[PDB]
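Chains as they are written, first to last, in the UniProt record's numbering: chain A, 236 to 744; chain B, 236 to 405; chain C, 21 to 106.
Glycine included, every Cβ here is placed at the ideal spot set by N, Cα and C.
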Ligand SMILES: [Zn+2]
Ligand SMILES: [Zn+2]
Ligand SMILES: [Zn+2]
């Protein structure tokens with residue numbers, strides 16, 4: 236390599252000082268096509284060794300010579316892509332479960348930064364090599380275990396949730412901003428952005444409703460960065476969520492002005508402050524369809540707010556949510572030791588205890604009208620925090636379930652919180668999120684399929700697969716089974732049909 | 236409509252293995268004239284609730300039923316057009332003046348992007364429906380303030396200028 | 021005795037427009053408005069016209085009249101309200 240570059244420089248200055256100016260390119264071309272292109276096999280054979288060894292100057296000279304060759308460069312591109320892929324696998328698959336998201340993103344950032352620095356310095360920043368690096372890192376972060384899972388979107392969502400949540404560890408605003416700006420580089424190669432979008436929507440709901448965000452400006456900056464990463468259709472739901480959480484303050488002010496401008500004194504008796512959210516863009520849902528009974532002292536406020544939202548807004552039914560609802564309660568029954576934050580599910584049975592110390596499961600059922608599962612969950616949560624004690628022989632759930640209040644509660648905290656389901660992340664709800672993602676994937680695939688068929692009405696199976704892969708490449712990587720299921724669904728709805736002459740070709744219904 | 240489609244699909248099967256092949260159309264056509272074409276007043280009345288809440292399952296079953304009857308579609312075309320025109324107006328408006336062009340073009344495109352993605356999966360890109368979408372977005376793009384001039388051409392002028400200007404933001 | 025102090029709750033709102041219905045009175049457009057539903061003896065049942073905006077939306081005239089005294093924006097779609105019909 237050294238001799239070839241030195242002799243090439245000598246020949247360049249020689250032909251420049253001797254020949255006509257119009258022949259310099261031809262002299263160089265014949266001085267390389269018969270010098271390194273004839274010995275291209277040896278250089279290609281040594282290319283993998285020279286890439287893996289990561290010797291700087293020799294790699295730079297090899298890149299110069301292979302760029303001189305018309306068909307000498309792609310082998311080096313493949314060798315470098317394979318090296319980066321192997322380095323990423325050995326730098327990511329060895330990670331532990333003690334802290335997977337933060338360390339995973341840090342390792343991907345370190346590998347990406349080192350390779351970008353190397354490409355910019357000793358590789359002239361070729362776009363072919365940058366594309367090879369992007370493909371290699373895409374294969375690295377999507378280290379899908381065989382036919383089981385894909386942990387990259389969940390890990391990145393957990394990373395964003397960990398860094399943006401108000402934590403006592405301590406992270407300043409500007410550090411959060413630059414860390415997220417670096418994070419977008421990692422997110423730009425996921426090829427599974429739907430799962431990350433849904434997981435980030437869930438974590439944004441959990442953070443915003445409980446007020447765990449350190450600053451709304453951080454959330455807006457993160458949402459803007461995501462919008463610049465993918466597009467508005469990627470972040471429309473998130474932006475609507477943030478807009479609703481911002482305008483919640485104005486809505487509370489308008490509600491307070493409305494209840495201070497009424498003819499009579501409402502006298503709600505509580506520190507009411509609502510979090511009205513749009514039903515169309517929040518990942519919450521009324522899956523627990525169990526009927527809940529609002530306590531009367533809150534029933535007055537619910538009726539007043541329902542009237543307000545029917546007056547100062549129109550055509551908006553107000554689907555109340557309770558399993559996100561929570562608030563503070565006082566306990567001066569036993570001497571007022573502290574004030575307890577409590578979800579309204581447990582607040583209902585607390586008011587039932589306030590009605591009478593001796594209460595059975597049937598009384599809770601007729602006072603709250605809620606299902607057995609949610610009532611059992613609230614009861615076990617109360618006894619797990621030792622709020623109440625089971626008077627039965629066994630402490631688990633039973634048909635009778637006769638118990639009263641535990642008077643031994645003397646917790647030191649003056650604002651002790653009995654609810655801690657801020658993380659949750661049950662595998663059942665994660666599987667539900669995966670199923671919703673799969674349903675959106677099926678919708679997108681059906682949209683692309685019907686659009687293509689309306690465009691041409693005659694395509695084979697392989698072309699359909701290729702165009703579905705290409706068009707949906709910015710969202711996910713669809714499987715053959717998913718596309719077959721979608722085309723079978725369109726068969727079932729008498730929307731699509733295969734050709735009678737050949738099953739490869741399809742038709743229109 | 237779920238039970239109708241169960242009967243209509245069965246009636247194609249039942250007439251297939253029982254009757255002459257030349258009477259397949261006449262049995263199904265008279266089936267529709269007693270099950271879906273005699274309840275146009277009922278189906279169009281409940282068509283309004285289907286489109287507004289965007290029930291993908293029921294909208295698909297309404298489309299296959301109302302396609303058979305001659306007059307079934309033109310009321311649903313008017314209903315979806317009224318829904319898109321309403322759904323467009325929410326997206327275009329309530330926008331801050333700091334980033335009016337980029338938010339406006341994104342919001343109309345997002346409504347167009349979602350509803351094209353909804354027509355194809357449910358209504359199968361019916362050209363009658365695509366005209367209803369294009370008519371509806373024409374009203375929402377060219378929407379006008381009271382005693383003012385339409386702000387659509389100026390707003391897209393700034394958007395294509397912002398997109399093409401030398402900007403360091405990616 | 022138990023006393024509740026804070027009830028910071030979450031409410032979901034979705035569009036609930038039903039056909040030929042006043043978005044404010046939550047009843048049929050052709051009937052009287054809920055403001056004129058009471059004291060029907062005083063109401064002549066003729067002044068409750070169906071006001072139509074430029075967005076092809078139907079309210080009672082009294083309803084949109086009371087609406088305009090606070091805001092000049094249509095409740096159904098967040099645009100400025102312009103009458104076109106009577
Ligand atoms: Zn009214
Ligand atoms: Zn009236
Ligand atoms: Zn309107």
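Exclusion of the five residues before and after residue 393/A leaves 336 as the residues of its chain whose Cβ lies within less than 7 Å of its Cβ. According to the DSSP secondary-structure assignment, residue 551/A is paired through a beta bridge with 35/C. Cβ-Cβ distances below 6 Å link residue 303/A to 267 in the same chain, with the five nearest sequence neighbours on each side left out; the list follows chain order.
Environment of ligand 3, chain-ordered: 73/C, 75/C, 77/C, 94/C, 96/C and 97/C, taking every residue with Cβ within less than 5 Å of a heavy atom. CA-to-CA, the gap between residue 673/A and residue 287/B works out to about 24 Å. Taking 8 Å as the cut-off, the beta carbon of residue 299/B is found closer than this to the beta carbon of residue 240/B. Within the UniProt zinc finger region "RING-type" (53–98) of chain C, the complete beta strand (DSSP E) segments at least 3 residues long are 70–72 and 78–80, listed from N- to C-terminus. Leaving aside the five residues that flank residue 633/A on each side, the residues in its chain whose CB is nearer than 7 Å to its CB run, in chain order, 627. Proximity to ligand 1 was defined by a C-beta distance below 5 Å to any of its heavy atoms, and the residues meeting it, in sequence along the chain, are 42/C, 44/C, 45/C, 53/C, 80/C and 83/C. Every unbroken stretch of the alpha helix (DSSP H) spanning 4 or more residues and falling wholly within the segment 559–604 of chain A is given here in chain order: 579–590 and 596–603. Taking the C-beta atoms as reference points, residue 388/A is found nearer than 8 Å to residue 425/A. Under the DSSP assignment, residue 644/A falls outside any beta strand (DSSP E); it carries neither an H nor an E label. Annotation for residue 623/A: the continuous beta strand (DSSP E) segment containing it runs 623–625.
Scanning the segment 475–513 of chain A from its first residue to its last, no whole beta strand (DSSP E) run of 3-plus residues comes out. Taking 7 Å as the cut-off, one finds no heavy atom of ligand 2 near enough to the beta carbon of residue 385/B. Judged by pairs of C-beta atoms under 8 Å, the segment 643–663 of chain A does not touch the segment 318–337 of chain B, as fewer than three such pairs exist. Distance from the Cα of residue 559/A is smallest, within the candidate group 441/A, 255/A and 328/A, for 441/A. For residue 100/C, the pairing in a beta bridge is given by DSSP as 93/C. Ranked by how close their Cα comes to the Cα of residue 563/A, the residues 428/A, 522/A, 445/A and 599/A have 445/A in first place. With the criterion set as a beta carbon lying under 9 Å from some beta carbon of chain A, the members of the segment 23–37 of chain C are 23, 24, 25, 26, 27, 28, 29, 30, 31, 32, 33, 34, 35, 36 and 37, in sequence order. With contacts defined by Cβ atoms closer than 8 Å, residue 495/A and residue 547/A do not form a contacting pair. Spanning the alpha carbons of residue 279/B and residue 359/B requires a straight line of approximately 20 Å. At a cut-off of 8 Å between C-beta atoms, residue 75/C counts as an interface residue with respect to chain B. With respect to chain A, the C-beta atom of residue 46/C has a partner C-beta closer than 8 Å. Residues of the segment 298–309 of chain B with a Cβ closer than 7 Å to any Cβ of chain A, in chain order: 299.
Of the heavy atoms belonging to ligand 2, at least one sits nearer than 7 Å to the Cβ of residue 55/C. Nearest CB-CB separation between residue 471/A and chain B: below the 8 Å threshold.
Here the segment 587–607 of chain A makes contact with the segment 524–532 of chain A; the two share three or more CB pairs at distances below 8 Å. A residue is called buried when at least 16 other Cβ atoms come within 10 angstroms of its Cβ; residue 38/C does not meet this threshold and is exposed. At least one heavy atom of ligand 2 lies less than 7 Å from the C-beta of residue 68/C. Judged by DSSP secondary structure, residue 732/A falls within the beta strand (DSSP E) whose first and last residues are 731–733.
Counting of Cβ neighbours within 10 angstroms places residue 405/A among the exposed residues, the total staying below 16. By the CB criterion at 8 Å, residue 536/A and residue 507/A fall inside the cutoff. For residue 544/A, no Cβ of chain B is located within less than 8 Å of the residue's own Cβ. Proximity of residue 506/A to chain C, defined by a Cβ-Cβ separation below 8 Å, is satisfied.
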